[PDB]
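Next up: just one chain, as structure tokens, the form deposited in one PDB entry.
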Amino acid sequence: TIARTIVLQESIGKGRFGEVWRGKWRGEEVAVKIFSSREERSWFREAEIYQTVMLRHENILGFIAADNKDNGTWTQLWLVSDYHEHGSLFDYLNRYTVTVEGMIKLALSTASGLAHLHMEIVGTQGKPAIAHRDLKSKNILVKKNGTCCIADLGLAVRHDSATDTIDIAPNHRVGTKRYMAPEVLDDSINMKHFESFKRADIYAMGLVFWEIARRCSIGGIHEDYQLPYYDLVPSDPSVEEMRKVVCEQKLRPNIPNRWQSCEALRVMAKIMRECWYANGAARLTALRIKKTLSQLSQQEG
């Protein structure tokens, strides 16, 4: 009844997996992700993560539905969600620069979002903890009101506190190598302990903060948009190329000394460093970041 009443209108972006279309449902715009068949190894999974959990949060892409429309003629598996015109944060930051206020808004929303993803609520109608495993600029969307919501939860992993086990994801591809935390690049991570996934999620978010802050324009001064490590690795970096940079050379994205001439950038800069520790156990938690960013938010307005 759902996919059936939806009319596709335009291609909004290509996902290394599938792609997205802006559709129309009962007078409203909606985003629809259609799976390339062989890409099913993620349709059910992505549907599952968006469903099996009580993941309703203003900072997490609002899930509408999943409809098996395997065409009596061909393969059409749908994923229907809310539609955010601005698109990915990556697109956003590439096209615009931001105010100090915008920067906080963006970084706070993202943090509160992952904080909710990571939070476990044990009990009757509880909620299992969730680690994203592929947090990056391209998998975060910016809404009309200037706040973010996490997306592309296809590679996420759910922690079963009852049995302290991990509901593994059924697929044949890990995450984006450019954002892989150190313990993941050197393969020392204990993928059997859920905390490690959240810690890796954190390192990745710090990189995203770096991308946002570089675009915070004050006095007309800001840096061009650049991905983390643009100055140290080629496009589509390999594990080897990242590991030598992040693990051997112990190099992190550069923090302009000017980011200390502004309170908000001084804080963001502090959070970044505290997310990039080689030792995940020493990194800040998403809840913690939300708190400090929240406190910095009220101060600014």
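Start at 1 and count along the sequence shown; that's the residue number. For clarity, a rigid core is taken as the largest C-alpha set superposing within 1.5 Å between two forms.
Although not depicted, the form deposited in another entry is the subject of the following passage.
If you fit the rigid core between the shown form and the other one, you'll see the Cα of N145 move by less than 2 angstroms. Once both forms are fitted on their core, the CA shift for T99 between the shown form and the other one remains under 2 Å. After superposition on the rigid core, the Cα atom of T73 is displaced by 2 Å or more between the shown form and the other one.
Relative to this conformation, a decrease of 3 Å or more in the Cα-Cα distance between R45 and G72 is found in that other deposited form.
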